[PDB]
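Remarks on the structure that follows.
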Amino acid sequence: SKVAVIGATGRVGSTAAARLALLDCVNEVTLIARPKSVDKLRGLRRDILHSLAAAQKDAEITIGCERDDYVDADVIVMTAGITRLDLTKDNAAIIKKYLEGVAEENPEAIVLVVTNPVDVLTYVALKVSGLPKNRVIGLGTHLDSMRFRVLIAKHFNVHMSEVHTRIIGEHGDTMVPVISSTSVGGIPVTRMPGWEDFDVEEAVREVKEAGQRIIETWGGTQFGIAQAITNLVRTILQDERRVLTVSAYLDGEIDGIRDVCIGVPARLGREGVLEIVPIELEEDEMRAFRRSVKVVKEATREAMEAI
Amino acid sequence: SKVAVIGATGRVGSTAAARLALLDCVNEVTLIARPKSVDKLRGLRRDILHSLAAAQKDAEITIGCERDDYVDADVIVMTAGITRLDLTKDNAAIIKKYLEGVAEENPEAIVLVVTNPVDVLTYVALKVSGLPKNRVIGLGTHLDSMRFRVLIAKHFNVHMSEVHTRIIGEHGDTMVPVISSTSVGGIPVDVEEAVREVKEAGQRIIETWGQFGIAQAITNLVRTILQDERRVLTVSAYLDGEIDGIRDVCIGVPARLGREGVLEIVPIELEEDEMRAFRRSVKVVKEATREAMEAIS
Amino acid sequence: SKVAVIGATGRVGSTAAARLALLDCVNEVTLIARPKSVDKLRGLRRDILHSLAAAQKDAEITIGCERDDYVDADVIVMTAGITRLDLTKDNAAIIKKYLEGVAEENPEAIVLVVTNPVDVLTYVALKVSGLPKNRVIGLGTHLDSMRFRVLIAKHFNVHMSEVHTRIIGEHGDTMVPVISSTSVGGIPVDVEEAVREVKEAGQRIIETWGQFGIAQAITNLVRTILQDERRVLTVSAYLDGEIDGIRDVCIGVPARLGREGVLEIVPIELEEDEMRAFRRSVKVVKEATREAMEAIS
Amino acid sequence: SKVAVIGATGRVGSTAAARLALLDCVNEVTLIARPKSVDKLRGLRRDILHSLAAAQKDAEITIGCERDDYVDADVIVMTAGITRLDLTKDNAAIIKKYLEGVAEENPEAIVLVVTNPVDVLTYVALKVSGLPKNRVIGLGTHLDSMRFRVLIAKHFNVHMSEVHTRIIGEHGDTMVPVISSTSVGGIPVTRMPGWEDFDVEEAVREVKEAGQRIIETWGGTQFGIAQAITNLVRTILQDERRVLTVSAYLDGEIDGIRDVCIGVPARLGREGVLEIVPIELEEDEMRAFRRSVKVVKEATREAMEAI
Ligand SMILES: NC(=O)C1=CN([C@@H]2O[C@H](COP(=O)(O)OP(=O)(O)OC[C@H]3O[C@@H](n4cnc5c(N)ncnc54)[C@H](OP(=O)(O)O)[C@@H]3O)[C@@H](O)[C@H]2O)C=CC1
Ligand SMILES: NC(=O)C1=CN([C@@H]2O[C@H](COP(=O)(O)OP(=O)(O)OC[C@H]3O[C@@H](n4cnc5c(N)ncnc54)[C@H](OP(=O)(O)O)[C@@H]3O)[C@@H](O)[C@H]2O)C=CC1
Ligand SMILES: NC(=O)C1=CN([C@@H]2O[C@H](COP(=O)(O)OP(=O)(O)OC[C@H]3O[C@@H](n4cnc5c(N)ncnc54)[C@H](OP(=O)(O)O)[C@@H]3O)[C@@H](O)[C@H]2O)C=CC1
Ligand SMILES: NC(=O)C1=CN([C@@H]2O[C@H](COP(=O)(O)OP(=O)(O)OC[C@H]3O[C@@H](n4cnc5c(N)ncnc54)[C@H](OP(=O)(O)O)[C@@H]3O)[C@@H](O)[C@H]2O)C=CC1
Ligand SMILES: [Cl-]
Ligand SMILES: [Cl-]
Ligand code: NA
Ligand code: NA
Ligand code: NA
Ligand code: NA
């Protein structure tokens, strides 16, 4: 299995590439950046190789800058990225530059979009690549859900892995926390002693702002997004067939909603999205999801016009 | 167990702290930096926590800038650092600021020095801290041997785990590769060029990329200590006569490492040339150590 | 950390000891049995050590028959055991023989009772040992819920990890399945037949095979404790008013478990019928506990 | 991946089956025993399933007693077994009963022989199955090597995984410890401080007798052999291509020796034995190997006559 990380010189891409190489299911990581960043990629390659020696693990680490260097990858991770609309237009052009026509040379490629705005760009990437709708996903609200898990786990003083929760919708201000799917040890939080003392609304506000707040303090998410990328790639390559909240193309599975890429619970395996789990949302949760799809659809239309 | 990472905002410290927190044996990581770095520490804490959530792992992450924030740690990882002698002088003063008198408040602390020149600064840390000689180690030539291992596994086109090499002495230009204890597939094995590359590799990666290798090496060492694994690792350690009667120096040697730190220096049999090279390396390191100690006096 | 397994020569004890030794957090396993079982203990020790070597793992394995061989363990796993009341009487006397006064010599010991009737014998162990109420637990209805989980995952043809159920109360015929806290894929969900199977499953497997399930459950509990993981697990624990004001009984309840043992009984909200069933189960368990305590007096 | 354990009701087979089910690379374990042991297999299946729930792992667990129940397995583990010659004859008949002609219905099967005498029966199984020479191996001296590792690790007070050693030849009294391949942390033991204080000959004597000594105390190896089986199956199914000492058919790779199955270092992967590593043996070590091949060859001839 070959995984190509486009934007491997960035904070996100370098850290993702280093953690992906440690996966037993990843036999090659290809580091892709623009031609002028070649020396940075050479240093990163050496450093990743050194981490692999320390971990007594194996991976071939290659570098490149052209379509032929990564088109044949099993998974292509798009982390390259630079006014919200102007940013979307600039990053949509990057998507197109790298992913246009991939389906023709590698119809079996799986693309994971990380570049923001991730829901819009997942749709762009899907359309320009020509790949099947199930083979292009975005990170979406998976990391937002993990950030919500942290806050909940800390409140109940439980191991973070004991908390199961889901946030769906836009990777942004219209994200929808799904309390009806939130549990501590399988126990619905509404039945947990102390859930009354948890300020859900403040937590959601913290999650919505965590990205820019981390950007203004540390300089941007790095280890969290790298581990989330690693978790998704592993789920795919090992064909684990587990449900994760990712930005995926909708074709009528939820509330008849169609023609958009947005964060939803999807079972993922070696062939990509195996199914959009139809999620049993409470009335107010379904309403919020609808408001979120509307925003993402309008933004998606603008980006498609631009390209 | 609590692990404090001093210099947690740097390239080495942040990556080490993030990988350390993933260890099941590490219940708490404390990120230490200077007062003006508080904002960075807070963002780093949030990002590491999110990474643990995504890994199905868990840890308490705290932050601080003051002695009382880290002195009670089980392991203190010193990665903070800024002419070679001017550099040694300034980094020695950083070690002294953070580690002087630690044994008075936490006699059972273990210190892992990563700041360079690491062999010199392991001795500095040992002396200022007051800790027993087995409780202060440095990460030195093991980093050099990891790179050498990568070259050997490539030559023989073998798995990484099938190559086992060892470099002792100074983490620097007097490093001693021990070909005597270098095997491929369990069987004893242009070395001069490979060594030349190994010596230059750190500045080579510095001039290109600017991390992950050192961070993973730190993680393996702390894990070996906290799980009392008793592995024979190459670390910078205080010598007290076990090898060739050599005393009063911290330098890269094979050492059996466990929860009590250095359980024993392992005196591997060296060919005559390997021993002579080690003795030269000790001389260099002793001289640099005397300068650093006199500078912080 | 040291884990002692009392009854290490039995089907449960030997398998538990072997799986416990594989844990990175377990540095030493002590196998305890009766004097006449010394030869078996020695063969078991060698076989577990070989299994660790084959797993690239490591542990110190010791053996004994006497109090001083295990009383200083961090965790003591009680699996030794031989009319229902006659059985309770004889197993209670075994608990008393091995665990009476442990708190006097090792106040920080944690006891995990597996011997049946486990809810009764958890109380017996707590009282004879003198240990604080949070340091003695039993493995009870969790075993019943594992089997229930297998039935649910089969019905919905889903992954095991996607099913989360919970059975509280007596590890026996008054067990209370908590459908309120049973989810599939994160979403809240012939139950009467499934329960009937669950209740009979232990005698069903006894009448066919004669182990691995209980051993793995024991391993998860000890790991949660020694790595201070703070997980909400169903264990037999002493109640002191957290659920419905109920006091002075050991019974299966949700509990946040860590290095200090039971950190808190978690009072999950029960539907009215679930609460009534729990109260009936407590009554049964209290009666059996009073008989056992009077029998060992 | 489907793994069938023949003799799953025994001490070896039950424990192997339980640990194999925990492997992520094992999706099905089929428990095979004689028809009259069906109720024992039903209880074992339930117990393994219960351990999988405790570990939050998945495996389908099936049971059977006929050729069609296991012939299609990816790996067939033969642990069923009952005067050394009379034992060999009886266990050779068991081998033949279960493995004759497997190549015709499943030419891609891999067989792991555990039944003793393992070197002889690996050859029997190879010949009766009709499978390619690289697809039938025996446990051989792999467990003897692990027992030697224990003794060495204890002497140096090091983690057992720090010790690398190899024993080759017969799984029996003519086994050959290969000190020239024995190291502590990559450091040859002859260069370790204290190797002079290690009584190699007593250690070897302990290894040679550990089997019967464990049989007379605990009742026979159980967890050790089960973990060694699990390690070999994982190496194969995950195509790890690592060198392990197993009983494998020799065709001239070592000292021109041919036409025997005996413990040797073999690189193992998804296609079975990828290569018999030609081992650089010291003079006295090569001599001992030769004496060992002679014993195993004579015993093999007797067993083939019998069947
Ligand atoms: N999904 C999520 O939740 C998150 C999304 N992101 C998104 O991921 C992307 C990467 O972020 P991050 O790595 O921190 O950013 P950095 O600025 O640290 O790295 C940028 C990366 O993009 C590449 N790049 C930038 N501009 C171009 C261009 N015009 N053409 C080709 N490559 C280009 C850079 O290559 P070079 O070395 O040549 O400059 C480098 O690899 C961003 O779009 C960001 O918004 C990040 C954080 C969270
Ligand atoms: N063992 C080895 O071979 C290797 C070790 N190293 C050594 O580790 C050290 C850190 O390198 P690296 O992280 O890459 O450097 P960075 O510049 O990326 O980070 C420097 C770190 O040191 C801290 N620091 C710098 N000056 C001082 C000071 N005067 N007082 C206190 N803290 C200070 C910084 O804190 P702040 O954010 O406040 O500036 C920050 O945590 C160096 O000594 C380096 O040589 C690195 C690579 C390999
Ligand atoms: N929590 C649960 O639901 C389950 C728990 N259990 C319980 O665990 C216990 C052990 O069962 P299991 O291992 O299968 O039984 P086995 O017969 O296989 O083993 C019995 C064990 O108990 C020891 N033992 C028996 N009698 C005495 C005694 N009078 N004094 C001291 N030690 C004694 C034996 O030691 P020796 O070798 O000297 O005889 C041996 O270690 C039982 O109480 C059983 O009910 C078992 C299964 C499930
Ligand atoms: N490679 C090594 O180092 C080791 C090899 N072994 C060998 O592995 C084999 C199994 O040992 P172990 O499990 O401890 O023995 P057990 O007696 O505990 O189990 C025997 C197993 O073989 C089956 N069996 C026995 N006779 C026959 C027969 N005539 N036809 C079909 N199946 C039969 C039994 O099935 P049923 O329930 O129907 O009786 C059961 O599954 C032995 O040959 C033993 O020598 C074991 C230990 C170490
Ligand atoms: Cl990292
Ligand atoms: Cl087991
Ligand atoms: Na890899
Ligand atoms: Na941790
Ligand atoms: Na262990
Ligand atoms: Na499995």
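Residues in the structure tokens are named by chain (A, B, ... in the order shown) and by number from 1 within that chain; ligands are numbered from 1 in the order shown.
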*Interface, chain C side, toward chain D (8 Å; only C-alpha atoms) as a ChimeraX atom specification*: /C:18,39-44,46-58,146-147,149-150,159-161,204-217,220
Atoms kept (N, CA and C atoms) for selection, written as a CSV table (one decimal), in the first residue's frame:
```csv
chain,number,residue,atom,x,y,z
C,18,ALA,N,-1.5,-16.3,32.6
C,18,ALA,CA,-0.8,-16.3,31.4
C,18,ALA,C,-1.1,-15.0,30.6
C,39,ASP,N,4.6,-28.6,42.1
C,39,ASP,CA,5.1,-29.1,40.8
C,39,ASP,C,4.4,-28.5,39.7
C,40,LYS,N,3.0,-28.4,39.8
C,40,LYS,CA,2.2,-27.8,38.8
C,40,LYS,C,2.6,-26.3,38.6
C,41,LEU,N,2.8,-25.7,39.7
C,41,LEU,CA,3.1,-24.3,39.6
C,41,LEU,C,4.4,-24.1,38.9
C,42,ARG,N,5.4,-24.9,39.1
C,42,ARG,CA,6.7,-24.8,38.4
C,42,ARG,C,6.6,-25.0,36.9
C,43,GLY,N,5.8,-26.0,36.5
C,43,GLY,CA,5.5,-26.2,35.1
C,43,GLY,C,4.8,-25.1,34.5
C,44,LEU,N,3.8,-24.5,35.2
C,44,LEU,CA,3.1,-23.4,34.7
C,44,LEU,C,4.0,-22.2,34.6
C,46,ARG,N,7.2,-22.1,33.9
C,46,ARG,CA,8.0,-22.3,32.7
C,46,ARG,C,7.2,-22.1,31.4
C,47,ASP,N,6.0,-22.6,31.4
C,47,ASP,CA,5.2,-22.4,30.2
C,47,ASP,C,4.8,-21.0,29.9
C,48,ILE,N,4.4,-20.2,31.0
C,48,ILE,CA,4.1,-18.8,30.8
C,48,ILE,C,5.3,-18.0,30.3
C,49,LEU,N,6.5,-18.3,30.9
C,49,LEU,CA,7.7,-17.6,30.5
C,49,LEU,C,8.0,-17.9,29.0
C,50,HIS,N,7.8,-19.1,28.6
C,50,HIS,CA,8.0,-19.4,27.1
C,50,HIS,C,7.0,-18.7,26.3
C,51,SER,N,5.8,-18.5,26.7
C,51,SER,CA,4.8,-17.8,26.0
C,51,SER,C,5.2,-16.3,25.8
C,52,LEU,N,5.7,-15.7,26.9
C,52,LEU,CA,6.2,-14.3,26.9
C,52,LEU,C,7.3,-14.2,25.9
C,53,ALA,N,8.3,-15.1,25.9
C,53,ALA,CA,9.4,-15.0,25.0
C,53,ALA,C,8.8,-15.1,23.5
C,54,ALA,N,7.9,-15.9,23.3
C,54,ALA,CA,7.3,-16.0,21.9
C,54,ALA,C,6.5,-14.8,21.5
C,55,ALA,N,6.0,-14.0,22.5
C,55,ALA,CA,5.3,-12.8,22.3
C,55,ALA,C,6.2,-11.6,22.3
C,56,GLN,N,7.5,-11.7,22.4
C,56,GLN,CA,8.4,-10.5,22.5
C,56,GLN,C,8.1,-9.7,23.8
C,57,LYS,N,7.5,-10.4,24.8
C,57,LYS,CA,7.1,-9.7,26.0
C,57,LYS,C,8.0,-10.2,27.1
C,58,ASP,N,7.8,-9.8,28.4
C,58,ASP,CA,8.7,-10.1,29.5
C,58,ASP,C,7.9,-9.9,30.8
C,146,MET,N,-20.9,-9.6,28.6
C,146,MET,CA,-20.1,-10.0,27.4
C,146,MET,C,-20.9,-11.0,26.6
C,147,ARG,N,-21.5,-12.0,27.2
C,147,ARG,CA,-22.3,-13.0,26.5
C,147,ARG,C,-23.5,-12.3,25.9
C,149,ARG,N,-23.7,-9.2,24.9
C,149,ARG,CA,-23.1,-8.4,23.8
C,149,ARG,C,-23.0,-9.3,22.6
C,150,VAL,N,-22.5,-10.5,22.8
C,150,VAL,CA,-22.3,-11.5,21.6
C,150,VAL,C,-23.7,-11.7,21.0
C,159,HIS,N,-20.3,-5.3,14.2
C,159,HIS,CA,-19.0,-5.6,14.9
C,159,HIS,C,-19.2,-5.6,16.4
C,160,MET,N,-18.4,-6.4,17.1
C,160,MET,CA,-18.5,-6.5,18.6
C,160,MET,C,-18.4,-5.1,19.2
C,161,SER,N,-17.4,-4.4,18.8
C,161,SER,CA,-17.1,-3.1,19.4
C,161,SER,C,-18.2,-2.1,19.2
C,204,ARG,N,-23.8,-24.2,30.7
C,204,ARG,CA,-23.8,-24.8,29.4
C,204,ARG,C,-22.4,-25.0,28.9
C,205,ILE,N,-21.5,-24.0,29.0
C,205,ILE,CA,-20.1,-24.2,28.6
C,205,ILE,C,-19.4,-25.1,29.6
C,206,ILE,N,-19.9,-25.2,30.9
C,206,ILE,CA,-19.3,-26.1,31.9
C,206,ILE,C,-19.5,-27.5,31.5
C,207,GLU,N,-20.8,-27.8,31.0
C,207,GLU,CA,-21.2,-29.2,30.6
C,207,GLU,C,-20.6,-29.6,29.3
C,208,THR,N,-20.0,-28.7,28.5
C,208,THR,CA,-19.4,-29.1,27.2
C,208,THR,C,-17.8,-29.0,27.2
C,209,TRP,N,-17.3,-27.8,27.4
C,209,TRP,CA,-15.9,-27.6,27.4
C,209,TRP,C,-15.2,-27.9,28.7
C,210,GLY,N,-15.8,-27.4,29.8
C,210,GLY,CA,-15.2,-27.6,31.1
C,210,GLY,C,-15.4,-26.5,32.1
C,211,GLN,N,-13.1,-20.2,30.8
C,211,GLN,CA,-11.6,-20.2,30.8
C,211,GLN,C,-11.1,-18.9,30.1
C,212,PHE,N,-11.1,-18.9,28.7
C,212,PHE,CA,-10.5,-17.8,28.0
C,212,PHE,C,-11.3,-16.6,28.2
C,213,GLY,N,-12.6,-16.7,28.3
C,213,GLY,CA,-13.4,-15.4,28.4
C,213,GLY,C,-13.2,-14.8,29.7
C,214,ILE,N,-13.3,-15.5,30.8
C,214,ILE,CA,-13.0,-14.9,32.1
C,214,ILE,C,-11.6,-14.4,32.3
C,215,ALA,N,-10.6,-15.2,31.7
C,215,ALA,CA,-9.2,-14.8,31.8
C,215,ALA,C,-9.0,-13.4,31.1
C,216,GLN,N,-9.6,-13.2,30.0
C,216,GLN,CA,-9.5,-11.9,29.3
C,216,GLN,C,-10.2,-10.8,30.0
C,217,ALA,N,-11.3,-11.1,30.6
C,217,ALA,CA,-12.0,-10.1,31.4
C,217,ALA,C,-11.2,-9.7,32.6
C,220,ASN,N,-8.4,-7.3,31.4
C,220,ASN,CA,-8.9,-6.0,31.2
C,220,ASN,C,-9.0,-5.2,32.5
```
*Distance query residue 29 of chain D at most 9 Å, only C-alpha atoms, self and fewer than 5 positions along chain excluded, as JSON, numbers by chain*: {"D": [1, 2, 3, 4, 5, 17, 18, 20, 21, 59, 60, 61, 62, 63, 73]}
Write the residues you've just listed into a file as a short mmCIF file (atom, residue, chain, number, x, y, z; two decimals), in the first residue's frame, and include C-alpha atoms for each of them.
```cif
data_model
loop_
_atom_site.label_atom_id
_atom_site.label_comp_id
_atom_site.auth_asym_id
_atom_site.auth_seq_id
_atom_site.Cartn_x
_atom_site.Cartn_y
_atom_site.Cartn_z
CA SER D 1 -8.34 -15.23 6.25
CA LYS D 2 -9.55 -18.55 7.60
CA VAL D 3 -7.40 -20.62 9.95
CA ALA D 4 -8.45 -24.19 10.75
CA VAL D 5 -7.11 -25.82 13.93
CA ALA D 17 -7.36 -21.30 18.54
CA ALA D 18 -8.17 -18.81 21.30
CA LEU D 20 -5.32 -16.97 16.88
CA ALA D 21 -8.84 -15.53 16.98
CA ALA D 59 -13.72 -13.34 14.53
CA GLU D 60 -16.17 -15.83 13.12
CA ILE D 61 -15.74 -19.10 15.00
CA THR D 62 -16.97 -22.22 13.21
CA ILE D 63 -16.69 -25.89 14.09
CA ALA D 73 -8.72 -22.76 5.00
#
```
*All strand (DSSP E) residues (DSSP, backbone) inside segment 106-148 of chain B, as number ranges by chain*: B: 110-113, 136-138
Next, the residues of the selection above should be written as a CSV table (one decimal), in the first residue's frame with C-alpha atoms.
```
chain,number,residue,atom,x,y,z
B,110,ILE,CA,15.3,10.7,36.5
B,111,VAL,CA,16.7,13.2,34.0
B,112,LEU,CA,17.0,12.6,30.3
B,113,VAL,CA,19.2,15.2,28.6
B,136,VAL,CA,20.8,11.1,34.8
B,137,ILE,CA,21.3,10.1,31.2
B,138,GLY,CA,21.7,11.6,27.8
```
*asked:* Measuring between only C-alpha atoms and all ligand atoms, which one of A:172, A:132, A:278, A:13 shows the shortest distance to ligand 1?
replied: A:13
*If you run DSSP on the backbone, which residues of segment 147-248 of chain B are helix (DSSP H, G or I), as number ranges by chain?*
B: 147-155, 160-162, 179-181, 191-208, 212-226
*For chain D, report every residue with an atom at most 12 Å from chain A (counting only C-alpha atoms), formatted as JSON, numbers by chain.*
{"D": [24, 25, 27, 57, 58, 238, 239, 240, 241]}
Could you please take those selected residues and save N, CA, C and O atoms as a PDB file, in the first residue's frame?
```pdb
ATOM      1  N   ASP D  24      -5.812  -9.630  14.364  1.00  0.00           N
ATOM      2  CA  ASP D  24      -6.578  -8.854  13.397  1.00  0.00           C
ATOM      3  C   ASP D  24      -6.562  -9.514  12.021  1.00  0.00           C
ATOM      4  O   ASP D  24      -7.548  -9.420  11.281  1.00  0.00           O
ATOM      5  N   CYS D  25      -5.459 -10.176  11.658  1.00  0.00           N
ATOM      6  CA  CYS D  25      -5.331 -10.792  10.333  1.00  0.00           C
ATOM      7  C   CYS D  25      -6.112 -12.102  10.205  1.00  0.00           C
ATOM      8  O   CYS D  25      -6.142 -12.682   9.115  1.00  0.00           O
ATOM      9  N   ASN D  27      -9.712 -13.698  10.293  1.00  0.00           N
ATOM     10  CA  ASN D  27     -11.130 -13.353  10.277  1.00  0.00           C
ATOM     11  C   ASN D  27     -12.015 -14.524  10.668  1.00  0.00           C
ATOM     12  O   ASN D  27     -13.129 -14.318  11.166  1.00  0.00           O
ATOM     13  N   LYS D  57     -12.815  -7.632  20.117  1.00  0.00           N
ATOM     14  CA  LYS D  57     -12.305  -8.080  18.829  1.00  0.00           C
ATOM     15  C   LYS D  57     -13.337  -8.960  18.142  1.00  0.00           C
ATOM     16  O   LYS D  57     -14.265  -9.467  18.774  1.00  0.00           O
ATOM     17  N   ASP D  58     -13.159  -9.138  16.836  1.00  0.00           N
ATOM     18  CA  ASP D  58     -14.088  -9.886  16.006  1.00  0.00           C
ATOM     19  C   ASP D  58     -13.389 -11.088  15.386  1.00  0.00           C
ATOM     20  O   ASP D  58     -12.222 -11.020  14.995  1.00  0.00           O
ATOM     21  N   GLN D 238       0.153 -11.969   7.508  1.00  0.00           N
ATOM     22  CA  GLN D 238       0.515 -10.581   7.281  1.00  0.00           C
ATOM     23  C   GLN D 238       1.716 -10.441   6.360  1.00  0.00           C
ATOM     24  O   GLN D 238       2.180  -9.321   6.150  1.00  0.00           O
ATOM     25  N   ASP D 239       2.211 -11.540   5.792  1.00  0.00           N
ATOM     26  CA  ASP D 239       3.277 -11.493   4.787  1.00  0.00           C
ATOM     27  C   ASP D 239       4.474 -10.700   5.311  1.00  0.00           C
ATOM     28  O   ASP D 239       5.030  -9.840   4.628  1.00  0.00           O
ATOM     29  N   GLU D 240       4.868 -10.991   6.554  1.00  0.00           N
ATOM     30  CA  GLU D 240       5.901 -10.185   7.197  1.00  0.00           C
ATOM     31  C   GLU D 240       7.294 -10.473   6.652  1.00  0.00           C
ATOM     32  O   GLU D 240       8.180  -9.629   6.796  1.00  0.00           O
ATOM     33  N   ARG D 241       7.512 -11.641   6.052  1.00  0.00           N
ATOM     34  CA  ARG D 241       8.790 -11.979   5.410  1.00  0.00           C
ATOM     35  C   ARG D 241       9.949 -11.889   6.398  1.00  0.00           C
ATOM     36  O   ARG D 241      10.995 -11.299   6.124  1.00  0.00           O
TER      37      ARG D 241
END
```
